[PDB]
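These notes are about the structure you will find just below.
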There are 2 protein chains.
Amino acid sequence: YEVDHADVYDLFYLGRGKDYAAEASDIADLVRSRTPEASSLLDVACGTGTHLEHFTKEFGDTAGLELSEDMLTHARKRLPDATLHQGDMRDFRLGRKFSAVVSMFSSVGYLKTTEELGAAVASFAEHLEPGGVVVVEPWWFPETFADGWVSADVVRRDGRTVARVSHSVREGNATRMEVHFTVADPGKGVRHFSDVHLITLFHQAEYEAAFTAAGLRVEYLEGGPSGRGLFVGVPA
Amino acid sequence: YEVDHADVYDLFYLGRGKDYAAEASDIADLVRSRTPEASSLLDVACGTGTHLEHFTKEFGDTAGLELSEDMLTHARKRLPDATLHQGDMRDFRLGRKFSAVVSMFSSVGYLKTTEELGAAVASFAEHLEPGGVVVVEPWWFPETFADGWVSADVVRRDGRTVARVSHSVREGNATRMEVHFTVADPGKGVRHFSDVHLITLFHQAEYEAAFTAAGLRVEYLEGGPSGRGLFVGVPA
Ligand SMILES: O=c1ccn([C@@H]2O[C@H](COP(=O)(O)OP(=O)(O)Oc3ccccc3)[C@@H](O)[C@H]2O)c(=O)[nH]1
Ligand SMILES: O=c1ccn([C@@H]2O[C@H](COP(=O)(O)OP(=O)(O)Oc3ccccc3)[C@@H](O)[C@H]2O)c(=O)[nH]1
Ligand SMILES: C[S@@+](CC[C@H](N)C(=O)[O-])C[C@H]1O[C@@H](n2cnc3c(N)ncnc32)[C@H](O)[C@@H]1O
Ligand SMILES: C[S@@+](CC[C@H](N)C(=O)[O-])C[C@H]1O[C@@H](n2cnc3c(N)ncnc32)[C@H](O)[C@@H]1O
């Protein structure tokens, strides 16, 4: 019995209560707060495009960047008319600029070293219009990481039930999170799958340094959509 | 990081709220309602011995029978002084009698035909003292089986998390249940495993014929510890 992973991740976070719409909206205001005339936005590592959908309604002129083809395929299925690009946040070149460049849900954490973070932040800066703003939702900091953390949840949405458990342990300067998904569709079957994610624990200062090197004045905001806060940058 | 499967089931059921003490307690009084001076009890397919430990304070002279050596190693670890037997409820011969012979938690559902169910029941009968009573907690009947059923729960006990998902579908005259367990211990690791169970859907009438053939006058009691009811039989 087969199941589509990304579709499974999508149903889970929706059922979990993650609210992409509300998230998208708060970010748009955040964006407007620094760039009132904001008129275009780029979602780096947009995944399946849930925030992109809403950002598209907010600013109209939007685009998405994703390293994963599979993420891309799902994004396209959700947004057949969206402008999407395959590429690495590390060094992409889109040949255009945007009022805002944002990266949500800790994607930059998948960057392996400060040199990569810096390069990815520089790239963000490079697609930024004058008076633009960069918003990055980071992964946890070495100082705020909760080692050995276990998450276990059950969601049931649209007739499907999904159980998910993750265990997180620090390894080096990264979080090694192993996730187990259990999926069941009544009268159809039950299926299990797991993923292992390595998310870098950059110190906040490392994050800020990446913004400074890219010529961006940056500020960290506590809280954020997931409790990891948010980094906001603008041309220095 | 490895996990002891039966200890997993155990912790699971405790966490879920299955009250083996209360159940044994209820069965103990059910027995007495039929055999007031009941003084010995055999627990057939005792599993890891949870009910047996309680029946032991209930009647003192007790014994357990299990076909599974694994189940027996855990019952023994739990009760170093319990009298335990390895063997088949279809045809074991203990060379002794008990005031009560009980089989809990749908164990007889693992028998595949009415012929086996009859041989098992005759065996219980053959181990019964005069004025004794047999109590069988059956599996669901074809008439009350809920096909496509999905069960999904998360329990947390002794700092260990266990997420369990089962999906049940009818197959011929049995339920095929595939059970998925996901277990984690913070800072220890996370593990997943799955089992598949084929439990016969015997009609109520079929359970009765078994008792009848065994020389016992039987009564079906609605509800029971698992909502599957209970069969109470005494020498006709
Ligand atoms: O104060 C905290 C609380 C949680 N965590 C970490 O947050 C994660 C929560 O596990 P999760 O599976 O519920 O998080 P998630 O659904 O957000 O998974 C991810 C992983 C990477 C990027 C986005 C979502 C774990 O790594 C845990 O160590 C911390 O580091 N600090
Ligand atoms: O009205 C009902 C309600 C439940 N069921 C069946 O009860 C079972 C409940 O799933 P479960 O995983 O919660 O059962 P369990 O934890 O009691 O697992 C077993 C399985 C065999 C023996 C003992 C416990 C499923 O097969 C479901 O079809 C029915 O047939 N009819
Ligand atoms: C936690 S998901 C976030 C997806 C989306 N932002 C969301 O909110 O759901 C991390 C995403 O980053 C993408 N990703 C990882 N490394 C990347 C890189 N170097 N360049 C671009 N995208 C990357 C992954 O493919 C994945 O879709
Ligand atoms: C659902 S478990 C319940 C066990 C226990 N009475 C309880 O309440 O936890 C069913 C048990 O039946 C045992 N079993 C299955 N077939 C058997 C047989 N033919 N003879 C004896 N035991 C059997 C299995 O080893 C398993 O431990």
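Residues are referred to by chain and number: the chain letter is A, B, ... according to the order shown in the structure tokens, the number counts from 1 in that chain, and ligands are numbered separately from 1 in the order shown.
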
Once DSSP has gone over the backbone, tell me which residues of segment 87-170 of chain B are in strand (DSSP E), as a PyMOL selection string. chain B and resi 98-103+128-136+150-157+160-170

Contact residues (chain A, partner chain B, 10 Å, only C-alpha atoms) as a PyMOL selection string: chain A and resi 147-156+160-170+177-194

Could you name the residues that touch segment 30-41 of chain A at 7 Å or less, counting only C-alpha atoms, but leaving out those on the same chain fewer than 6 positions away, as a PDB file with N, CA and C atoms, in the first residue's frame?
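The new file around.pdb reads:
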```pdb
ATOM      1  N   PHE A  59       0.496  39.852  -2.823  1.00  0.00           N
ATOM      2  CA  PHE A  59       1.273  40.711  -3.718  1.00  0.00           C
ATOM      3  C   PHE A  59       1.121  40.534  -5.213  1.00  0.00           C
ATOM      4  N   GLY A  60       0.432  39.467  -5.608  1.00  0.00           N
ATOM      5  CA  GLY A  60       0.234  39.208  -7.030  1.00  0.00           C
ATOM      6  C   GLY A  60       1.449  38.768  -7.850  1.00  0.00           C
ATOM      7  N   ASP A  61       2.522  39.559  -7.824  1.00  0.00           N
ATOM      8  CA  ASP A  61       3.736  39.240  -8.576  1.00  0.00           C
ATOM      9  C   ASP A  61       4.636  38.410  -7.679  1.00  0.00           C
ATOM     10  N   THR A  62       4.490  37.096  -7.760  1.00  0.00           N
ATOM     11  CA  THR A  62       5.329  36.276  -6.889  1.00  0.00           C
ATOM     12  C   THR A  62       6.046  35.118  -7.617  1.00  0.00           C
ATOM     13  N   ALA A  63       7.073  34.536  -7.009  1.00  0.00           N
ATOM     14  CA  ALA A  63       7.763  33.395  -7.609  1.00  0.00           C
ATOM     15  C   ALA A  63       8.228  32.467  -6.495  1.00  0.00           C
ATOM     16  N   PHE A  98      12.848  41.465  -6.436  1.00  0.00           N
ATOM     17  CA  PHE A  98      11.524  41.440  -5.815  1.00  0.00           C
ATOM     18  C   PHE A  98      11.586  42.405  -4.633  1.00  0.00           C
ATOM     19  N   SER A  99      10.425  42.908  -4.263  1.00  0.00           N
ATOM     20  CA  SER A  99      10.310  43.830  -3.138  1.00  0.00           C
ATOM     21  C   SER A  99      10.660  43.034  -1.894  1.00  0.00           C
ATOM     22  N   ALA A 100      10.248  41.767  -1.870  1.00  0.00           N
ATOM     23  CA  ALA A 100      10.559  40.940  -0.719  1.00  0.00           C
ATOM     24  C   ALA A 100      11.009  39.547  -1.091  1.00  0.00           C
ATOM     25  N   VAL A 101      11.962  39.082  -0.293  1.00  0.00           N
ATOM     26  CA  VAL A 101      12.492  37.727  -0.429  1.00  0.00           C
ATOM     27  C   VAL A 101      12.340  37.078   0.949  1.00  0.00           C
ATOM     28  N   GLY A 131      15.189  49.284  -1.208  1.00  0.00           N
ATOM     29  CA  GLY A 131      14.160  49.486  -0.199  1.00  0.00           C
ATOM     30  C   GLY A 131      13.356  48.217   0.090  1.00  0.00           C
ATOM     31  N   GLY A 132      13.907  47.078  -0.313  1.00  0.00           N
ATOM     32  CA  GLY A 132      13.225  45.814  -0.097  1.00  0.00           C
ATOM     33  C   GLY A 132      13.438  45.258   1.308  1.00  0.00           C
ATOM     34  N   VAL A 133      12.970  44.049   1.528  1.00  0.00           N
ATOM     35  CA  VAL A 133      13.147  43.480   2.834  1.00  0.00           C
ATOM     36  C   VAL A 133      13.245  41.968   2.693  1.00  0.00           C
TER      37      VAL A 133
END
```

Atom CA of residue 55 of chain B to atom CA of residue 82 of chain B, straight-line distance in Å: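 If I compute the distance from atom CA of residue 82 of chain B to atom CA of residue 55 of chain B, I get 10.9 Å.
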
Selection within 6 Å of ligand 4 by only C-alpha atoms and all ligand atoms, output as a list in words: residues 45, 46, 47, 66, 67, 68, 71, 87, 88, 89, 90, 104, 105, 106, 107 and 110 of chain B

Residue contacts of segment 205-209 of chain A (12 Å, only C-alpha atoms) excluding same-chain residues fewer than 5 positions away, as JSON, numbers by chain: {"A": [108, 109, 111, 113, 114, 115, 116, 117, 118, 119, 120, 121, 122, 135, 136, 137, 138, 139, 140, 141, 142, 143, 200, 214, 215, 216, 217, 218, 219, 220, 221, 230, 231, 232, 233, 234]}

Would you mind reading off the distance between atom 31 (N, counted along the ligand's line) of ligand 2 and atom CA of residue 227 of chain B, one decimal, in Å? 8.5 Å

Residues of segment 2-236 of chain B in alpha helix (DSSP H) according to DSSP, as a ChimeraX atom specification? /B:5-16,20-34,50-59,69-78,114-126,204-213

For each of A:70, A:53, A:10, A:58, take the minimum atom-to-atom distance to ligand 1, counting only C-alpha atoms and all ligand atoms, then give the residue where this is smallest.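 Ranked by minimum distance to ligand 1, first place goes to A:10.
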
Residues within 8 Å of residue 54 of chain B, only C-alpha atoms, excluding chain neighbours under 4 positions, as a PDB file with N, CA and C atoms, in the first residue's frame:
```
ATOM      1  N   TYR B  20      -6.422  -4.062  33.754  1.00  0.00           N
ATOM      2  CA  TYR B  20      -6.329  -5.510  33.977  1.00  0.00           C
ATOM      3  C   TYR B  20      -6.727  -5.890  35.412  1.00  0.00           C
ATOM      4  N   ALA B  21      -6.384  -5.053  36.388  1.00  0.00           N
ATOM      5  CA  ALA B  21      -6.728  -5.344  37.763  1.00  0.00           C
ATOM      6  C   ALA B  21      -8.260  -5.374  37.884  1.00  0.00           C
ATOM      7  N   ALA B  24      -9.793  -8.434  35.927  1.00  0.00           N
ATOM      8  CA  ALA B  24      -9.624  -9.720  36.610  1.00  0.00           C
ATOM      9  C   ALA B  24     -10.560  -9.716  37.785  1.00  0.00           C
ATOM     10  N   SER B  25     -10.666  -8.523  38.353  1.00  0.00           N
ATOM     11  CA  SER B  25     -11.533  -8.382  39.500  1.00  0.00           C
ATOM     12  C   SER B  25     -12.964  -8.668  39.068  1.00  0.00           C
ATOM     13  N   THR B  50      -0.499 -10.319  32.948  1.00  0.00           N
ATOM     14  CA  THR B  50      -1.171  -9.251  33.699  1.00  0.00           C
ATOM     15  C   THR B  50      -2.414  -9.644  34.526  1.00  0.00           C
ATOM     16  N   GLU B  58      -6.736 -13.142  43.630  1.00  0.00           N
ATOM     17  CA  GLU B  58      -8.135 -13.447  43.711  1.00  0.00           C
ATOM     18  C   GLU B  58      -8.389 -14.850  44.216  1.00  0.00           C
TER      19      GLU B  58
END
```

Determine the nearest neighbour of ligand 3 from the options A:43, A:7, A:29, A:222, counting only C-alpha atoms and all ligand atoms.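 Looking only at the distances to ligand 3, the closest residue turns out to be A:43.
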